[PDB]
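Below is one structure; the comments refer to it alone.
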Amino acid sequence: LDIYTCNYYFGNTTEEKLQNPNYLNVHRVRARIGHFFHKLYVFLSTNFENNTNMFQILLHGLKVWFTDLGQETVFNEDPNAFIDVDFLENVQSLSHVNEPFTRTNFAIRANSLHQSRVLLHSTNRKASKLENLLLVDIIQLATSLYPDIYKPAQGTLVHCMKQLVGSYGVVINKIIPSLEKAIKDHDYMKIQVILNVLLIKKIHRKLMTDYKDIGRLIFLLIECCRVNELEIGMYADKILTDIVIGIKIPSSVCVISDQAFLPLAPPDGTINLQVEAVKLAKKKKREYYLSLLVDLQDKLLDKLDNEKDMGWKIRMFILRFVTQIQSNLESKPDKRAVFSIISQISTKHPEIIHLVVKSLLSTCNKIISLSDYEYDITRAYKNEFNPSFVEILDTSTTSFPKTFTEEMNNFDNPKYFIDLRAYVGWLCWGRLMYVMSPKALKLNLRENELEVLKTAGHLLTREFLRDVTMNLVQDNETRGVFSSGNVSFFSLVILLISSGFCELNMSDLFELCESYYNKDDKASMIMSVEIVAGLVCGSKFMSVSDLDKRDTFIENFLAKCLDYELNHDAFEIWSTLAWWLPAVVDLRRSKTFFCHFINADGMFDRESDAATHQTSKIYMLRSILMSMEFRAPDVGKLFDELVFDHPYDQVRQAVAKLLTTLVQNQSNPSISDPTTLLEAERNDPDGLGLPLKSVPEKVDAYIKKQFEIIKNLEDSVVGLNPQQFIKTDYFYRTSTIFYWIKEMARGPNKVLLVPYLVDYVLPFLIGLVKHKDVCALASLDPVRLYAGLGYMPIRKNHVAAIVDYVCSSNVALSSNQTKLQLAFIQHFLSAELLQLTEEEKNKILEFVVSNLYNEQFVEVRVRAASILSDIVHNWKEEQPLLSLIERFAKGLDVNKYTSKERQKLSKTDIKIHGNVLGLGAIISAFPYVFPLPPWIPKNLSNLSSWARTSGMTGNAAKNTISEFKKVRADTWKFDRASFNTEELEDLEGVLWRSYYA
Amino acid sequence: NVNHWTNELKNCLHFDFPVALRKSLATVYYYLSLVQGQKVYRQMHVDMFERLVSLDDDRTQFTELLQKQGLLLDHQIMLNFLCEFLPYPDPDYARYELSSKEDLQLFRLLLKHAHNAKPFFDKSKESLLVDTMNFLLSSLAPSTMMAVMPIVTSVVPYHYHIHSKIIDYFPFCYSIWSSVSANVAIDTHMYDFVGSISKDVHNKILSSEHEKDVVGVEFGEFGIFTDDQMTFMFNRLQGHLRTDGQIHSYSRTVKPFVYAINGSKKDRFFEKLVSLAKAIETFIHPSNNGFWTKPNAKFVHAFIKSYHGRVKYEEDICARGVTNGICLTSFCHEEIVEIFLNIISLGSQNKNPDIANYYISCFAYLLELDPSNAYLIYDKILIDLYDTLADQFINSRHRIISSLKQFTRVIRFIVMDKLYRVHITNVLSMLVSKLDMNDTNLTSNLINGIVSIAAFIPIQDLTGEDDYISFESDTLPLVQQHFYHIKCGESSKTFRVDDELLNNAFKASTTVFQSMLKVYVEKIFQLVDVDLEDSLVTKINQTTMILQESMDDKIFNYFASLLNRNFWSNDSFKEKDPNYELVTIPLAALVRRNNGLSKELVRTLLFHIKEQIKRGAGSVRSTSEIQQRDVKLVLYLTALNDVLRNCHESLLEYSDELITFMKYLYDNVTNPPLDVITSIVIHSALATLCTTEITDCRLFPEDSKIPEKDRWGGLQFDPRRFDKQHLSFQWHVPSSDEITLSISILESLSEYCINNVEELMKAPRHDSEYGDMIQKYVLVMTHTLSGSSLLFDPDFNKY
Amino acid sequence: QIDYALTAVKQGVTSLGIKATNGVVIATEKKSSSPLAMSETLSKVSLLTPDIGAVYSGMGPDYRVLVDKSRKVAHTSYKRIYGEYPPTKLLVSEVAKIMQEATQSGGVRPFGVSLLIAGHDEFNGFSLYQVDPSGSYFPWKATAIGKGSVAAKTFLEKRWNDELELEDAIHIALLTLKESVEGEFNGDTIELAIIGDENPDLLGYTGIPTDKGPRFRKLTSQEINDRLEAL
């Protein structure tokens, strides 16, 4: 009974209340008010139909009479005279602190609990005879013609179905009858309203559950698909389309660990026969529903086959038999459906055809999945993934690692295939590995399912694939596009073909394909190559004598197409295939296809001809090797066959982008055991782990070679010029290597590129005093790459050798490629800050500072100071600091020298340019110390007697004082006061440009 | 039907039941959530589980009690599902693909469910840890990265054994991490891991069972982390805040850093945190906005939530005897403030007000730690505030609004420190008078201050008649001296004052309440005529009602004769369309507290309403708008509605004079916009008799329910704040007398309406002053059904 | 921004229009901003040409200066060239062009009114047009604008046939206005105009039989009350 209890006054369901005069008094009064509201409704719809204001006030008097029963829900939340519980909670509650509330809050909190105990009381009930009379009225109002009335009534009838039981039933059995009427009474705006009703959240939802009535309703919304005159029929289509997307039914035995209901199993003996009884009724309630849909299925195919031509809402049917003759959890594959769904190709309509395919492909992938599941419909949702042709493999097997490698290179006697994305391996072996069997079977199905597939292949004529692909090409001219939905349909035709049902012979798809290859029509070529990808996904289909007719057709076709004469339109398509196909099928299901792109009759070597042609391969071989990344990659050839020497860019760059990919394929560390693995990660130098992806020695050898082959040729440009440079072999190599580095530093290959920086990649790149103007020509930005390598995935021990490479005691070697190493540092620091040992944090700072002084280049003394500040910003400890300030201001402090001399010195002395550049950086490293450090005034003062001298240092000391006076700008109302020193005056010159006097 | 009951159960957790039955219920919902084969409302079932296993159901933790009570759940079922999200060969069958919402959204749920049932995987199946990793690991490859990592973080149990511990698997995480550059698609999982695991070790070490088979996991310098492991995560977090902005919900990303602190071997860590604050320093500055200003803010908050988080969990344990030297010391709380103070001060001035409310909300968290430093913060915040009230910021908008938010998110704490509290009377009577009528925003941010001061302070004269008293002479002089001191660089620790003088200042400071409310009421009536709207009209009524409850009868009985006075004699309801709410409701809240005030307030609203009707008010017809010659009648009618609603049993006295006035109000006065008002009178009087509600909300009861008069910070921190003799709430319970008048009315108005309407069924279709009258009686009938709604029984028709 | 002006139109007193076989009718209510004000001093239904009138919903002032700018454009752009007055279709065009320019011009907001312009030209016969702040304009058999817009528009579909005599459409547009009325409902708070037969009574002169007088007639306070009794 009662568990809510809210001081109902008349006693909490004791029927202490029934024996109360005050309680029959009260309801006898709500009865009168109820019977009076009806008295007024009939009096208005009769005397005042054309009034909105009246009917609104009545419709609220009913929203109340039906709801404000136990509780008060309209008016529920108006600001009243109680403090709000939600407000006060924000003010008082700290978090991680149990109820730190003042007395005031505790009191609303409690009142708030009473008030919620009231609203808890479920007001849901059985309709009260009179309550049914008023709910019928509220419908004739939500069925009225005035939007100013039907819109509040609908909102008012929804608050009334929340409150009555199976009231939805009462509503429908009134709607449908009085919609069937409003249709044979013509174009009514009462039809426009009834449709507005059917789109109410609460109704539109209960619709996908009304199996009885949705029969009759869909046939009414269909008759309605005629704008005999209005917004109707637009609404009837949105609604019939909303419907196809709901509904269904679940036969499948809740794959439940039976422990989902046991723990709550009552002692009660077999007083749980009841359970096995419910199991049985909720099982023919279901089987009746399931039949009602089949009845609706066949009663529509009637109105589609028999209705000579209804127009283009020919679509509801198809959009639906589909989410049905392929649902499972039952659904008896009807053959009359597969007939009708195909004979709608005769309307030659783009949208219908796109759907007949989308449907025929699902209506089969369901029948197919009955054989693979052996009619054990349950077996789908059981992660003991049945399929008779799936096979698990043990990977711990002492020996396995080299089965894989030497089995992925096997194209002739293939033992297993992994269609899709091959996960297991790569990191380590040991798991079980789901895999697929060779010359995959077809399997058997019962006769009902057999005659259905027959009724497709007997319909897939030479003529029908002609009509259907044609169309898909023309609807396709607008867009381009590929959709797998297309390919995964051709594999289907193939299953049907040589499994028995079609008999079209494969030599029919070889013409259908060679047919749609007009070197001209793009959407037409896309259909041809959509066809090819199907013949390679059609090895999940028997015949080793057809898998040879197909391997043979494909080496012949790729010849015509890719072996010279290739537009940026084909390349656009085929290159699309290479990135895709190897991911939807293991490519070893074909001896010719792969063993064709890797046949590399394409990479010339020098230029006094036309060299030759293109990445008429490279970028496509690569995009296959990229999508396998693991599998097939035996490429003893390619490495021995790469170029570097190539004269053209489009190729030099592509040979680089390929090597990048060739390296990522031999870098996977796939280990023997998880245990063998974690013992390698544990014993690493960095408390961190193993370099993930590590380039394997035999390759670290190749690369090292290409760098030291380029060092061999430094004699090749012994003295040539930019024009006789782009023509040397030394350049060609160098350009290719560069394009390669650019593509390593991008993406998941970074951890591969690091070991080479310190000895190879940074000595290179700074191939830049190897000519600045040679870079502008063959547009290469080295500066931007060398420095962009300051940020990146470096490891504790690599930092060491890199800081040692910069800060080189051989430094003195370079020249204004100095302001380069100095900018690489500034970036490293920002990405290895907090990770640099105070040792390294110093080898850097002693280099930076040794440059504020380097005779010759004024350019760099300044780029050094700008950088010295990046350091002194994270340097708050006050004795490293205050010991620099001193080192610098000893070279200047006081009037060490009299006026005439400062002028002379300011222009030439380097040891003092540095001292002022340095001390300048220190001050510019504390931009906003909110209350000002007194070492700053006293050390700008030492800097002001110097920014009063015109020359080279006195200049970069004016920088330092203007830079400063500027950033201190808004805090200056105040900073003025820590300048007792009338050396406030001393700071007025400072900034001078030509426009001041 | 399943889904229904699964709900009525949810409804049952509100009372209690045996942990031996939770063992049962949990087991049902763990295995239920993981169904397959039909339409399932999973979100519900994973939520039952999550609420059944709640780790803080009112300080009680049900995962502990369920572990101890023998709950064990199958991991193979969970992992077997989360693995359908791996590349199943033969594309024709792969059912789940990330990327496409509908799928990723299930995966995110399973993963959540697993995290929930991680602690019920057999601590005893020693080879459950190793077995499960040795499987996920072999499954890891670029194409799985996305689905494997998350799994690990939420399906593998934190075990720790003699040979194979879970931290055994760290060196492998810092192999992936540290190989790609900052990538939120990755990092987010690494931090989630090494952090919810570091949190674990810490939790387990304390109080409970310091084991789980191995206390063979040592803490030290940097939590469970190597020297280089910690070093790495620091430069990576710096990478995030300065370069690559790659983080989401930061609560998660901060854990590892908080739970690597060791109270007795901090030092080396704080050294690392300081250099990370000095790096980050510039990027917080109010004029360096960029891609980073979010990350730095959402972090400096996430970190100080997740630190104070820990502290208040340890201080709950040193209320169980167990200190542990791993614990956070008084001196960590110190060095935390040293670090994030300039940082927090810069952020709070930021140009984005949301990005500021993050830095500003950190003051409250720091002050709860009651560090020795506490003064440093109160020092800033109070200068910034006193400067602002002295218009020294008038050129800069943000500083004014900022330093009023700083001060609000910290009022409750100032009411305590026996020095600052003095200022609080001044600062309030200053806010009240500075309430602007042109600046909607400044006013919303002032009410914030004014209501916060009232929520944690009793408006009471605390003077024992001590003669020296007066606000000047005794409070002001001291307040100025404290401020002079604070302003010249000196801090409040250097500030010496006699415990005699400082308690004169405090008591004399509680005198100004009277002269200040005369200025608040004045400012309210000025606000009745402003286009402030909604959010802020409400918040203002909270401040007026909170101010009332924090008032002793001495002061309140003044406030009452001051609303009463000003409500009648006012020149303040002109402008078009007024906010009556701001004045009618504060009256109702007087009658809540003192029913006696009603007998006469109501009879004055009626001989003033009859007055306005009799002189042509509501004479002129109009839908759509309230005629401005009516505005007065509408005031008195809103007041009568709002003030009956809170009359209660005191309405029994003048029962007959009301009903007969209500019948008068409906005989005369027809006008569709006034009828939506007049028809509410009947409701506000039926609801007030039989609605069962609170009545008392006072900060401190009766005027006398003495905890003494050291009773400022509203007991908000005292443990007596909730012993039953303090919380002696009043409550209105409907008596047999009230229900009986309640019913007299119901039938008397119910008849009145039905007659006058059964009359008009001699139809004038024209009139239109007819459809006005039928609407009238149907509204009066309607609001007669509501409020009077508590007397009805849903079930009556069964019986 | 045009969207916000249509919103000022959506509130503000209701007004309507009905075309018939032998006339057009337009009306709105005269909501008195006070009883002290004499409501005869403001006209919501204004004459543009003696064959064309207009009514509005929305912002009072914006209508006034639009009725003025509108009368003038009738001369400046038609009468002073071709000696005739403009046809409803085209005078309407020239007003839409006027409002459409307040839209697409900088420094000015569009007008806060929708207009109903009714009239008769010798060649196009009767017609009734609506003009929105957007500068768009549409031809109507009948419609309403303003608050009561939705109620009245629905009533007009229910009651309108293409065989209405003008007297039938007067009758309708009074009922239509009776349900929406905000204030009182008489001849002092209703403004109604028609576009019917030529009124020679109202020419002001007699002697040329080729020009026969205004088709636009604004019903007097009396003529209205007379119809409301037999209503």
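Each chain of the structure tokens is named A, B, ... in the order shown, its residues numbered from 1; ligands are numbered from 1 in display order.
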Give me, as a PDB file with N, CA, C and O atoms, in the first residue's frame, the residues of segment 68-163 of chain C that a backbone DSSP run labels alpha helix (DSSP H).
```pdb
ATOM      1  N   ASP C  68       2.768  59.333 -45.011  1.00  0.00           N
ATOM      2  CA  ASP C  68       3.169  60.592 -45.617  1.00  0.00           C
ATOM      3  C   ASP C  68       4.111  60.312 -46.778  1.00  0.00           C
ATOM      4  O   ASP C  68       3.830  60.684 -47.910  1.00  0.00           O
ATOM      5  N   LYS C  69       5.226  59.650 -46.506  1.00  0.00           N
ATOM      6  CA  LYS C  69       6.209  59.390 -47.550  1.00  0.00           C
ATOM      7  C   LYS C  69       5.521  58.710 -48.711  1.00  0.00           C
ATOM      8  O   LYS C  69       5.969  58.815 -49.852  1.00  0.00           O
ATOM      9  N   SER C  70       4.410  58.046 -48.408  1.00  0.00           N
ATOM     10  CA  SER C  70       3.706  57.176 -49.348  1.00  0.00           C
ATOM     11  C   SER C  70       2.770  57.938 -50.268  1.00  0.00           C
ATOM     12  O   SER C  70       2.684  57.647 -51.462  1.00  0.00           O
ATOM     13  N   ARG C  71       2.036  58.882 -49.691  1.00  0.00           N
ATOM     14  CA  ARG C  71       1.199  59.765 -50.469  1.00  0.00           C
ATOM     15  C   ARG C  71       2.075  60.493 -51.479  1.00  0.00           C
ATOM     16  O   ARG C  71       1.819  60.435 -52.677  1.00  0.00           O
ATOM     17  N   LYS C  72       3.122  61.155 -50.993  1.00  0.00           N
ATOM     18  CA  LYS C  72       4.044  61.872 -51.866  1.00  0.00           C
ATOM     19  C   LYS C  72       4.567  61.000 -53.015  1.00  0.00           C
ATOM     20  O   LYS C  72       4.480  61.371 -54.171  1.00  0.00           O
ATOM     21  N   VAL C  73       5.099  59.828 -52.719  1.00  0.00           N
ATOM     22  CA  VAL C  73       5.629  58.986 -53.792  1.00  0.00           C
ATOM     23  C   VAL C  73       4.570  58.681 -54.874  1.00  0.00           C
ATOM     24  O   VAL C  73       4.897  58.357 -56.018  1.00  0.00           O
ATOM     25  N   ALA C  74       3.299  58.805 -54.517  1.00  0.00           N
ATOM     26  CA  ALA C  74       2.233  58.511 -55.466  1.00  0.00           C
ATOM     27  C   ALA C  74       2.204  59.582 -56.534  1.00  0.00           C
ATOM     28  O   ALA C  74       1.908  59.307 -57.684  1.00  0.00           O
ATOM     29  N   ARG C  80       2.542  62.822 -61.560  1.00  0.00           N
ATOM     30  CA  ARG C  80       3.183  63.941 -62.233  1.00  0.00           C
ATOM     31  C   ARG C  80       3.758  63.558 -63.594  1.00  0.00           C
ATOM     32  O   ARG C  80       4.179  64.422 -64.358  1.00  0.00           O
ATOM     33  N   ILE C  81       3.752  62.271 -63.915  1.00  0.00           N
ATOM     34  CA  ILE C  81       4.197  61.837 -65.235  1.00  0.00           C
ATOM     35  C   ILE C  81       3.042  61.454 -66.162  1.00  0.00           C
ATOM     36  O   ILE C  81       2.971  61.918 -67.296  1.00  0.00           O
ATOM     37  N   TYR C  82       2.142  60.605 -65.679  1.00  0.00           N
ATOM     38  CA  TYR C  82       1.103  60.043 -66.534  1.00  0.00           C
ATOM     39  C   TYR C  82      -0.298  60.600 -66.305  1.00  0.00           C
ATOM     40  O   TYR C  82      -1.257  60.122 -66.899  1.00  0.00           O
ATOM     41  N   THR C  88      -2.985  49.893 -57.579  1.00  0.00           N
ATOM     42  CA  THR C  88      -2.652  49.341 -56.291  1.00  0.00           C
ATOM     43  C   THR C  88      -1.322  48.606 -56.389  1.00  0.00           C
ATOM     44  O   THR C  88      -0.397  48.942 -55.669  1.00  0.00           O
ATOM     45  N   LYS C  89      -1.210  47.636 -57.299  1.00  0.00           N
ATOM     46  CA  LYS C  89       0.019  46.839 -57.425  1.00  0.00           C
ATOM     47  C   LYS C  89       1.294  47.681 -57.342  1.00  0.00           C
ATOM     48  O   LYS C  89       2.224  47.323 -56.635  1.00  0.00           O
ATOM     49  N   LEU C  90       1.325  48.805 -58.053  1.00  0.00           N
ATOM     50  CA  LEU C  90       2.555  49.577 -58.241  1.00  0.00           C
ATOM     51  C   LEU C  90       2.833  50.559 -57.131  1.00  0.00           C
ATOM     52  O   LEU C  90       3.986  50.781 -56.783  1.00  0.00           O
ATOM     53  N   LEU C  91       1.790  51.179 -56.593  1.00  0.00           N
ATOM     54  CA  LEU C  91       1.981  52.054 -55.446  1.00  0.00           C
ATOM     55  C   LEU C  91       2.525  51.210 -54.308  1.00  0.00           C
ATOM     56  O   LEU C  91       3.408  51.662 -53.576  1.00  0.00           O
ATOM     57  N   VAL C  92       1.998  49.983 -54.175  1.00  0.00           N
ATOM     58  CA  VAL C  92       2.486  49.010 -53.187  1.00  0.00           C
ATOM     59  C   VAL C  92       3.977  48.724 -53.432  1.00  0.00           C
ATOM     60  O   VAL C  92       4.797  48.853 -52.522  1.00  0.00           O
ATOM     61  N   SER C  93       4.329  48.389 -54.668  1.00  0.00           N
ATOM     62  CA  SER C  93       5.724  48.203 -55.040  1.00  0.00           C
ATOM     63  C   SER C  93       6.607  49.352 -54.534  1.00  0.00           C
ATOM     64  O   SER C  93       7.653  49.097 -53.964  1.00  0.00           O
ATOM     65  N   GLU C  94       6.165  50.599 -54.729  1.00  0.00           N
ATOM     66  CA  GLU C  94       6.940  51.812 -54.395  1.00  0.00           C
ATOM     67  C   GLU C  94       7.075  52.035 -52.885  1.00  0.00           C
ATOM     68  O   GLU C  94       7.937  52.795 -52.436  1.00  0.00           O
ATOM     69  N   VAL C  95       6.207  51.387 -52.111  1.00  0.00           N
ATOM     70  CA  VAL C  95       6.276  51.437 -50.651  1.00  0.00           C
ATOM     71  C   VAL C  95       7.219  50.351 -50.129  1.00  0.00           C
ATOM     72  O   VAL C  95       8.074  50.609 -49.295  1.00  0.00           O
ATOM     73  N   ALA C  96       7.056  49.135 -50.633  1.00  0.00           N
ATOM     74  CA  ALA C  96       8.013  48.074 -50.372  1.00  0.00           C
ATOM     75  C   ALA C  96       9.438  48.517 -50.684  1.00  0.00           C
ATOM     76  O   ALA C  96      10.352  48.257 -49.918  1.00  0.00           O
ATOM     77  N   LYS C  97       9.633  49.168 -51.821  1.00  0.00           N
ATOM     78  CA  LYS C  97      10.947  49.691 -52.185  1.00  0.00           C
ATOM     79  C   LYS C  97      11.428  50.684 -51.132  1.00  0.00           C
ATOM     80  O   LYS C  97      12.618  50.777 -50.870  1.00  0.00           O
ATOM     81  N   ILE C  98      10.494  51.409 -50.517  1.00  0.00           N
ATOM     82  CA  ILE C  98      10.822  52.420 -49.504  1.00  0.00           C
ATOM     83  C   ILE C  98      11.304  51.831 -48.196  1.00  0.00           C
ATOM     84  O   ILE C  98      12.206  52.384 -47.572  1.00  0.00           O
ATOM     85  N   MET C  99      10.668  50.727 -47.794  1.00  0.00           N
ATOM     86  CA  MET C  99      10.940  49.999 -46.551  1.00  0.00           C
ATOM     87  C   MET C  99      12.123  49.061 -46.720  1.00  0.00           C
ATOM     88  O   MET C  99      12.876  48.838 -45.784  1.00  0.00           O
ATOM     89  N   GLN C 100      12.251  48.501 -47.917  1.00  0.00           N
ATOM     90  CA  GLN C 100      13.328  47.587 -48.277  1.00  0.00           C
ATOM     91  C   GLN C 100      14.656  48.331 -48.281  1.00  0.00           C
ATOM     92  O   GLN C 100      15.726  47.727 -48.270  1.00  0.00           O
ATOM     93  N   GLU C 101      14.583  49.654 -48.309  1.00  0.00           N
ATOM     94  CA  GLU C 101      15.781  50.473 -48.371  1.00  0.00           C
ATOM     95  C   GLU C 101      16.210  50.881 -46.974  1.00  0.00           C
ATOM     96  O   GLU C 101      17.383  51.123 -46.725  1.00  0.00           O
ATOM     97  N   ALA C 102      15.256  50.932 -46.056  1.00  0.00           N
ATOM     98  CA  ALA C 102      15.570  51.153 -44.647  1.00  0.00           C
ATOM     99  C   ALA C 102      16.245  49.914 -44.071  1.00  0.00           C
ATOM    100  O   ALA C 102      16.959  49.964 -43.073  1.00  0.00           O
ATOM    101  N   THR C 103      15.988  48.788 -44.712  1.00  0.00           N
ATOM    102  CA  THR C 103      16.612  47.534 -44.354  1.00  0.00           C
ATOM    103  C   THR C 103      18.072  47.575 -44.778  1.00  0.00           C
ATOM    104  O   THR C 103      18.966  47.714 -43.941  1.00  0.00           O
ATOM    105  N   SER C 149      -3.690  37.960 -34.835  1.00  0.00           N
ATOM    106  CA  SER C 149      -3.339  37.436 -36.149  1.00  0.00           C
ATOM    107  C   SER C 149      -3.778  36.008 -36.407  1.00  0.00           C
ATOM    108  O   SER C 149      -4.328  35.704 -37.472  1.00  0.00           O
ATOM    109  N   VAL C 150      -3.509  35.125 -35.447  1.00  0.00           N
ATOM    110  CA  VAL C 150      -3.686  33.700 -35.687  1.00  0.00           C
ATOM    111  C   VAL C 150      -5.126  33.288 -35.554  1.00  0.00           C
ATOM    112  O   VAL C 150      -5.617  32.487 -36.341  1.00  0.00           O
ATOM    113  N   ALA C 151      -5.790  33.822 -34.536  1.00  0.00           N
ATOM    114  CA  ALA C 151      -7.207  33.572 -34.336  1.00  0.00           C
ATOM    115  C   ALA C 151      -8.005  34.016 -35.574  1.00  0.00           C
ATOM    116  O   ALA C 151      -8.756  33.241 -36.166  1.00  0.00           O
ATOM    117  N   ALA C 152      -7.801  35.268 -35.972  1.00  0.00           N
ATOM    118  CA  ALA C 152      -8.547  35.891 -37.062  1.00  0.00           C
ATOM    119  C   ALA C 152      -8.229  35.299 -38.425  1.00  0.00           C
ATOM    120  O   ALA C 152      -9.111  35.154 -39.254  1.00  0.00           O
ATOM    121  N   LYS C 153      -6.965  34.989 -38.673  1.00  0.00           N
ATOM    122  CA  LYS C 153      -6.583  34.405 -39.947  1.00  0.00           C
ATOM    123  C   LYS C 153      -7.300  33.064 -40.142  1.00  0.00           C
ATOM    124  O   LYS C 153      -7.608  32.664 -41.262  1.00  0.00           O
ATOM    125  N   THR C 154      -7.572  32.373 -39.045  1.00  0.00           N
ATOM    126  CA  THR C 154      -8.176  31.055 -39.120  1.00  0.00           C
ATOM    127  C   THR C 154      -9.659  31.209 -39.359  1.00  0.00           C
ATOM    128  O   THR C 154     -10.274  30.410 -40.061  1.00  0.00           O
ATOM    129  N   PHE C 155     -10.226  32.259 -38.781  1.00  0.00           N
ATOM    130  CA  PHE C 155     -11.650  32.548 -38.915  1.00  0.00           C
ATOM    131  C   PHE C 155     -11.968  32.972 -40.343  1.00  0.00           C
ATOM    132  O   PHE C 155     -13.060  32.714 -40.851  1.00  0.00           O
ATOM    133  N   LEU C 156     -10.996  33.607 -40.989  1.00  0.00           N
ATOM    134  CA  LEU C 156     -11.183  34.122 -42.337  1.00  0.00           C
ATOM    135  C   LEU C 156     -11.147  33.004 -43.365  1.00  0.00           C
ATOM    136  O   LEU C 156     -11.872  33.045 -44.348  1.00  0.00           O
ATOM    137  N   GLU C 157     -10.320  31.992 -43.146  1.00  0.00           N
ATOM    138  CA  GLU C 157     -10.361  30.841 -44.032  1.00  0.00           C
ATOM    139  C   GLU C 157     -11.728  30.181 -43.899  1.00  0.00           C
ATOM    140  O   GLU C 157     -12.348  29.819 -44.895  1.00  0.00           O
ATOM    141  N   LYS C 158     -12.199  30.047 -42.663  1.00  0.00           N
ATOM    142  CA  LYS C 158     -13.478  29.397 -42.392  1.00  0.00           C
ATOM    143  C   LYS C 158     -14.634  30.131 -43.045  1.00  0.00           C
ATOM    144  O   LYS C 158     -15.534  29.499 -43.586  1.00  0.00           O
ATOM    145  N   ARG C 159     -14.606  31.460 -43.017  1.00  0.00           N
ATOM    146  CA  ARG C 159     -15.762  32.236 -43.478  1.00  0.00           C
ATOM    147  C   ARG C 159     -15.705  32.790 -44.907  1.00  0.00           C
ATOM    148  O   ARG C 159     -16.726  33.281 -45.393  1.00  0.00           O
TER     149      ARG C 159
END
```
Could you give me, as a list in words, the residues within 10 Å of segment 63-67 of chain C, counting only C-alpha atoms and dropping anything in the same chain fewer than 6 positions from it?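 Counting only C-alpha atoms, the residues come to residues 42, 43, 44, 45, 46, 47, 48, 53, 54, 55, 56, 57, 73, 95, 98, 99, 111, 112, 113, 114 and 115 of chain C.
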Could you check which of C:189, C:224, C:148, C:230 is closest to chain A, using only C-alpha atoms?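 When distances to chain A are compared using only C-alpha atoms, the smallest one comes from C:148.
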Show me which bits of chain B are within 10 Å of chain C, counting only C-alpha atoms, as a PyMOL selection string. chain B and resi 620-625+627-629+672+766-769+771
Quick one: residues within 12 Å of residue 41 of chain C, only C-alpha atoms, excluding same-chain residues fewer than 6 positions away - as a PyMOL selection string? chain C and resi 30+32+188
Save the residues we just selected, N, CA, C and O atoms, as a JSON list (two decimals), in the first residue's frame?
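And here's out21.json as it stands now:
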```
[["chain", "number", "residue", "atom", "x", "y", "z"],
["C", 30, "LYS", "N", -8.95, 51.13, -32.37],
["C", 30, "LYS", "CA", -8.33, 52.35, -31.89],
["C", 30, "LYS", "C", -8.14, 52.25, -30.38],
["C", 30, "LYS", "O", -8.98, 52.70, -29.60],
["C", 32, "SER", "N", -7.25, 53.36, -27.07],
["C", 32, "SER", "CA", -7.02, 54.66, -26.47],
["C", 32, "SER", "C", -5.97, 54.56, -25.37],
["C", 32, "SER", "O", -6.14, 53.86, -24.37],
["C", 188, "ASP", "N", -16.38, 54.30, -31.81],
["C", 188, "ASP", "CA", -15.33, 55.20, -31.35],
["C", 188, "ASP", "C", -14.00, 54.46, -31.14],
["C", 188, "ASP", "O", -12.95, 55.09, -30.95]]
```
